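Have a look at structure-v2.cif; it's mmCIF, C-alpha atoms:
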data_data
#
loop_
_atom_site.group_PDB
_atom_site.id
_atom_site.type_symbol
_atom_site.label_atom_id
_atom_site.label_comp_id
_atom_site.auth_asym_id
_atom_site.auth_seq_id
_atom_site.Cartn_x
_atom_site.Cartn_y
_atom_site.Cartn_z
ATOM 1 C CA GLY V 1001 -4.518 -29.533 12.585
ATOM 2 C CA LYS V 1002 -6.195 -30.079 9.239
ATOM 3 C CA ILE V 1003 -5.772 -28.037 6.084
ATOM 4 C CA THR V 1004 -6.941 -28.709 2.533
ATOM 5 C CA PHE V 1005 -5.275 -27.270 -0.552
ATOM 6 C CA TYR V 1006 -7.151 -26.800 -3.867
ATOM 7 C CA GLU V 1007 -5.586 -26.195 -7.264
ATOM 8 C CA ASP V 1008 -8.309 -23.834 -8.412
ATOM 9 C CA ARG V 1009 -9.921 -20.850 -6.732
ATOM 10 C CA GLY V 1010 -13.198 -21.116 -4.891
ATOM 11 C CA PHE V 1011 -12.364 -24.612 -3.582
ATOM 12 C CA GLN V 1012 -12.351 -26.434 -6.921
ATOM 13 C CA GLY V 1013 -10.104 -28.835 -8.759
ATOM 14 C CA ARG V 1014 -7.471 -31.241 -7.444
ATOM 15 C CA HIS V 1015 -7.220 -31.037 -3.671
ATOM 16 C CA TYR V 1016 -5.052 -32.414 -0.889
ATOM 17 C CA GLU V 1017 -5.943 -32.973 2.769
ATOM 18 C CA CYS V 1018 -3.023 -32.469 5.129
ATOM 19 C CA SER V 1019 -2.602 -32.736 8.879
ATOM 20 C CA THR V 1020 1.191 -32.552 9.228
ATOM 21 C CA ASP V 1021 4.280 -30.615 8.296
ATOM 22 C CA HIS V 1022 5.299 -31.270 4.701
ATOM 23 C CA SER V 1023 8.680 -30.280 3.202
ATOM 24 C CA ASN V 1024 7.390 -31.008 -0.329
ATOM 25 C CA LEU V 1025 3.786 -30.714 -1.458
ATOM 26 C CA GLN V 1026 4.555 -30.989 -5.190
ATOM 27 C CA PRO V 1027 3.553 -34.676 -5.391
ATOM 28 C CA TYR V 1028 0.012 -33.740 -4.316
ATOM 29 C CA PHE V 1029 -0.764 -30.555 -6.286
ATOM 30 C CA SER V 1030 1.060 -28.148 -8.617
ATOM 31 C CA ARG V 1031 -0.640 -24.887 -7.687
ATOM 32 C CA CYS V 1032 -2.823 -23.649 -4.810
ATOM 33 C CA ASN V 1033 -5.548 -21.135 -5.467
ATOM 34 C CA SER V 1034 -7.773 -21.776 -2.475
ATOM 35 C CA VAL V 1035 -7.481 -23.328 0.993
ATOM 36 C CA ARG V 1036 -9.864 -24.557 3.701
ATOM 37 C CA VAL V 1037 -8.291 -24.521 7.202
ATOM 38 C CA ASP V 1038 -10.392 -26.934 9.261
ATOM 39 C CA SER V 1039 -8.200 -26.336 12.266
ATOM 40 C CA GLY V 1040 -4.811 -25.308 13.554
ATOM 41 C CA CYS V 1041 -2.481 -22.472 12.634
ATOM 42 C CA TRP V 1042 -0.330 -22.982 9.597
ATOM 43 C CA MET V 1043 2.723 -21.491 7.896
ATOM 44 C CA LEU V 1044 2.632 -22.123 4.160
ATOM 45 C CA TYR V 1045 5.796 -21.729 2.069
ATOM 46 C CA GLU V 1046 6.072 -20.923 -1.655
ATOM 47 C CA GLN V 1047 9.050 -23.244 -2.153
ATOM 48 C CA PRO V 1048 9.980 -26.707 -0.877
ATOM 49 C CA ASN V 1049 11.829 -27.232 2.391
ATOM 50 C CA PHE V 1050 10.134 -24.254 4.070
ATOM 51 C CA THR V 1051 11.711 -21.681 1.776
ATOM 52 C CA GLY V 1052 10.525 -18.730 -0.311
ATOM 53 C CA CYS V 1053 7.578 -16.561 0.642
ATOM 54 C CA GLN V 1054 5.756 -17.430 3.857
ATOM 55 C CA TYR V 1055 2.080 -17.129 4.673
ATOM 56 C CA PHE V 1056 0.109 -17.481 7.923
ATOM 57 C CA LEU V 1057 -3.266 -19.189 7.767
ATOM 58 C CA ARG V 1058 -5.717 -20.178 10.499
ATOM 59 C CA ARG V 1059 -9.163 -21.783 10.741
ATOM 60 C CA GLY V 1060 -11.440 -20.567 7.957
ATOM 61 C CA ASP V 1061 -11.977 -20.484 4.189
ATOM 62 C CA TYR V 1062 -9.670 -18.733 1.754
ATOM 63 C CA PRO V 1063 -11.278 -18.836 -1.700
ATOM 64 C CA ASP V 1064 -8.393 -16.995 -3.377
ATOM 65 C CA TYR V 1065 -4.664 -16.777 -2.674
ATOM 66 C CA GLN V 1066 -4.912 -13.038 -2.130
ATOM 67 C CA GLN V 1067 -6.798 -13.840 1.062
ATOM 68 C CA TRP V 1068 -3.611 -15.189 2.647
ATOM 69 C CA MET V 1069 -1.672 -12.288 1.127
ATOM 70 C CA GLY V 1070 -0.148 -14.659 -1.393
ATOM 71 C CA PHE V 1071 2.376 -13.369 -3.945
ATOM 72 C CA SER V 1072 1.244 -16.151 -6.282
ATOM 73 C CA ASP V 1073 -0.549 -19.496 -6.283
ATOM 74 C CA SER V 1074 2.656 -21.292 -5.290
ATOM 75 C CA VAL V 1075 2.528 -23.399 -2.135
ATOM 76 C CA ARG V 1076 5.104 -26.193 -1.896
ATOM 77 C CA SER V 1077 5.712 -26.833 1.803
ATOM 78 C CA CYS V 1078 3.909 -26.198 5.090
ATOM 79 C CA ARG V 1079 4.212 -26.206 8.850
ATOM 80 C CA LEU V 1080 1.585 -26.855 11.426
ATOM 81 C CA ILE V 1081 2.395 -24.368 14.203
ATOM 82 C CA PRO V 1082 2.223 -26.003 17.648
ATOM 83 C CA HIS V 1083 0.223 -24.427 20.457
ATOM 84 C CA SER V 1084 1.751 -21.582 22.447
ATOM 85 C CA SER V 1085 0.441 -21.059 25.991
ATOM 86 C CA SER V 1086 2.397 -17.835 26.242
ATOM 87 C CA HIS V 1087 4.328 -15.431 24.047
ATOM 88 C CA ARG V 1088 7.432 -13.405 24.912
ATOM 89 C CA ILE V 1089 9.825 -11.662 22.566
ATOM 90 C CA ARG V 1090 12.699 -9.228 22.849
ATOM 91 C CA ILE V 1091 12.972 -6.635 20.091
ATOM 92 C CA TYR V 1092 16.304 -4.938 19.517
ATOM 93 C CA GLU V 1093 17.255 -1.787 17.664
ATOM 94 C CA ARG V 1094 20.432 -3.158 16.065
ATOM 95 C CA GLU V 1095 21.656 -6.484 14.751
ATOM 96 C CA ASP V 1096 23.021 -9.095 17.206
ATOM 97 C CA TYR V 1097 20.791 -7.892 20.058
ATOM 98 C CA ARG V 1098 22.431 -4.474 20.317
ATOM 99 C CA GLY V 1099 20.962 -1.044 20.934
ATOM 100 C CA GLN V 1100 17.697 -0.297 22.677
ATOM 101 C CA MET V 1101 15.485 -3.259 23.581
ATOM 102 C CA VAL V 1102 11.891 -3.851 24.549
ATOM 103 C CA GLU V 1103 10.317 -7.087 25.753
ATOM 104 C CA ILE V 1104 6.662 -7.745 24.893
ATOM 105 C CA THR V 1105 4.098 -10.440 25.517
ATOM 106 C CA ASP V 1106 1.345 -9.031 23.260
ATOM 107 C CA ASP V 1107 0.737 -8.127 19.630
ATOM 108 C CA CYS V 1108 2.116 -4.969 17.995
ATOM 109 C CA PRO V 1109 0.260 -3.718 14.897
ATOM 110 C CA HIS V 1110 2.761 -0.848 14.506
ATOM 111 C CA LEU V 1111 6.355 -1.145 15.688
ATOM 112 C CA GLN V 1112 7.442 2.360 14.723
ATOM 113 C CA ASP V 1113 4.801 4.359 16.485
ATOM 114 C CA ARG V 1114 4.868 2.282 19.651
ATOM 115 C CA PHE V 1115 8.331 2.098 21.230
ATOM 116 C CA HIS V 1116 11.028 4.470 22.521
ATOM 117 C CA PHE V 1117 13.122 3.606 19.459
ATOM 118 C CA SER V 1118 12.320 3.509 15.740
ATOM 119 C CA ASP V 1119 14.675 0.829 14.246
ATOM 120 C CA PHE V 1120 14.215 -2.996 14.523
ATOM 121 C CA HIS V 1121 16.968 -5.444 13.448
ATOM 122 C CA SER V 1122 17.119 -8.442 15.788
ATOM 123 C CA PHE V 1123 14.729 -10.540 17.834
ATOM 124 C CA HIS V 1124 14.995 -13.059 20.626
ATOM 125 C CA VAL V 1125 11.873 -15.201 20.792
ATOM 126 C CA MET V 1126 11.768 -16.432 24.390
ATOM 127 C CA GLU V 1127 8.328 -18.043 24.279
ATOM 128 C CA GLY V 1128 5.781 -18.954 21.621
ATOM 129 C CA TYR V 1129 5.389 -18.597 17.864
ATOM 130 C CA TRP V 1130 5.014 -15.247 16.114
ATOM 131 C CA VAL V 1131 4.588 -13.797 12.667
ATOM 132 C CA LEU V 1132 6.791 -10.823 11.792
ATOM 133 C CA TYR V 1133 5.379 -8.593 9.052
ATOM 134 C CA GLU V 1134 6.994 -6.215 6.615
ATOM 135 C CA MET V 1135 4.320 -3.549 7.148
ATOM 136 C CA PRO V 1136 2.146 -2.176 9.952
ATOM 137 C CA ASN V 1137 -1.211 -3.809 10.592
ATOM 138 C CA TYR V 1138 0.097 -7.226 9.586
ATOM 139 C CA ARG V 1139 0.480 -6.669 5.854
ATOM 140 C CA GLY V 1140 3.098 -7.399 3.176
ATOM 141 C CA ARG V 1141 5.792 -10.073 3.497
ATOM 142 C CA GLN V 1142 5.378 -12.505 6.366
ATOM 143 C CA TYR V 1143 8.042 -14.345 8.343
ATOM 144 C CA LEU V 1144 7.528 -17.048 10.946
ATOM 145 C CA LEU V 1145 9.496 -16.501 14.152
ATOM 146 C CA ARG V 1146 10.001 -19.661 16.201
ATOM 147 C CA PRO V 1147 11.407 -19.888 19.749
ATOM 148 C CA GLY V 1148 15.048 -18.969 19.338
ATOM 149 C CA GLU V 1149 17.464 -16.310 18.186
ATOM 150 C CA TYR V 1150 17.294 -13.980 15.184
ATOM 151 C CA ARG V 1151 20.508 -11.928 14.950
ATOM 152 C CA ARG V 1152 19.697 -10.284 11.645
ATOM 153 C CA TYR V 1153 17.096 -10.338 8.917
ATOM 154 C CA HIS V 1154 18.788 -13.260 7.123
ATOM 155 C CA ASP V 1155 17.936 -15.351 10.157
ATOM 156 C CA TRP V 1156 14.188 -14.893 9.535
ATOM 157 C CA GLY V 1157 14.394 -15.429 5.755
ATOM 158 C CA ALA V 1158 13.988 -11.805 4.713
ATOM 159 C CA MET V 1159 15.837 -10.332 1.761
ATOM 160 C CA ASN V 1160 16.230 -7.109 3.771
ATOM 161 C CA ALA V 1161 15.465 -5.520 7.142
ATOM 162 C CA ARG V 1162 12.021 -3.990 6.485
ATOM 163 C CA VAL V 1163 9.612 -4.709 9.359
ATOM 164 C CA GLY V 1164 6.374 -3.127 10.534
ATOM 165 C CA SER V 1165 4.247 -5.315 12.866
ATOM 166 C CA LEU V 1166 4.372 -8.440 15.064
ATOM 167 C CA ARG V 1167 1.577 -10.862 15.885
ATOM 168 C CA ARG V 1168 1.405 -13.802 18.253
ATOM 169 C CA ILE V 1169 0.180 -16.982 16.671
ATOM 170 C CA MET V 1170 -2.880 -18.312 18.532
ATOM 171 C CA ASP V 1171 -5.835 -20.464 17.455
ATOM 172 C CA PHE V 1172 -9.082 -18.577 16.842
ATOM 173 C CA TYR V 1173 -12.529 -19.882 17.785
#
Could you write out this structure as structure tokens?
Amino acid sequence: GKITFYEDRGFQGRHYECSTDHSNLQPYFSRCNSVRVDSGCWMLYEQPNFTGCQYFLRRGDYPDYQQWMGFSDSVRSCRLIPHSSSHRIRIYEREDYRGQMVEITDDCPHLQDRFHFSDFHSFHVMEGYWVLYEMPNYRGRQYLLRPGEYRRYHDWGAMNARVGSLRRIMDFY
């Protein structure tokens, strides 16, 4: 993976070339107003130690933070998402894997209109890496879901339970 951060929009000003996870990007730049993703899928985080708002980026040019649905120009830590050869998640109606459940291996641009239930409060990621989104069609607040268990929204770093869509992370081309 290779990603480059730029302090000013349109790929200007101080920049930093990165090919690894970083828990603290503050030594290399103080703001991030544009990004070039040479390769790989990335989760960027507004605050150090993979905290605060999260944003999914993949190969391509992002001349403004709005292009990664940024809340601001803050980017202070990052993860390079490893490859997933398959994706499998269980979606549950209530917290702690209770209520109705559905298991999917594809993307879901609208949770509400698609299943036999209309409420979504816990997830079990069996395979692969996903991005959970606040709103349908992959908009709003973004949350990385890694292989593992998410009993309630606190587990995926949300301030509340609002969810709308689910996308597998895979490299473009």
For a cutoff of 9 Å around the file-coordinate point (11.3, -23.4, -0.3), which residues qualify once you count all atoms listed in the file? I'd like the result as a PyMOL selection string.
chain V and resi 1023-1024+1045-1053+1075-1077
Here CA of residue 1010 in chain V and CA of residue 1063 in chain V stand apart by 4.4 Å
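Shortest separation to residue 1031 in chain V among V:1134, V:1006, V:1018, V:1096 occurs at residue V:1006, atoms counted being only C-alpha atoms.
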To verify the selection step, state as a ChimeraX atom specification which residues the PyMOL selection byres ((chain V and resi 1088) around 8) yields on this input.
/V:1086-1087,1089-1090,1103-1106,1125-1128
Closest pair table for range 1053-1121 of chain V residues within 7 Å of range 1148-1155 of chain V, all atoms listed in the file, as a tab-separated table:
residue	atom	partner	partner_atom	distance
V:1095	CA	V:1152	CA	5.3
V:1096	CA	V:1151	CA	4.4
V:1097	CA	V:1151	CA	6.5
V:1121	CA	V:1152	CA	5.8
The PyMOL selection byres ((chain V and resi 1014) around 10) - which residues does that actually catch in the file I just gave you? List them as a list in words.
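Expected selection for the PyMOL selection byres ((chain V and resi 1014) around 10) here is residues 1005, 1006, 1007, 1008, 1011, 1012, 1013, 1015, 1016, 1028, 1029, 1030, 1031 and 1032 of chain V.
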Of the candidates V:1142, V:1034, V:1165, V:1100, which shows the shortest atom-to-atom distance to residue 1069 in chain V, using all atoms listed in the file?
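The answer is V:1142, which sits nearest to residue 1069 in chain V.
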Rounded to one decimal place, report the CA of residue 1025 in chain V-CA of residue 1068 in chain V distance in Å.
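Taking CA of residue 1025 in chain V as the start and CA of residue 1068 in chain V as the end point, the length is 17.7 Å.
The gap separating CA of residue 1020 in chain V from CA of residue 1002 in chain V is 7.8 Å, in Å to one decimal.
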Among V:1017, V:1170, V:1009, V:1161, residue 1033 in chain V is approached most closely, using only C-alpha atoms, by V:1009
Return the single residue from V:1101, V:1131, V:1158, V:1003 that is closest to residue 1145 in chain V, with distances computed using all atoms listed in the file.
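Closest to residue 1145 in chain V of all the choices is V:1131.
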Take every atom of range 1087-1098 of chain V listed in the file, pad by 8 Å on each side, and give me the axis-aligned box centre and edge lengths in Å, one decimal, as JSON.
{"center_x": 13.7, "center_y": -8.6, "center_z": 19.8, "size_x": 34.7, "size_y": 29.6, "size_z": 26.2}
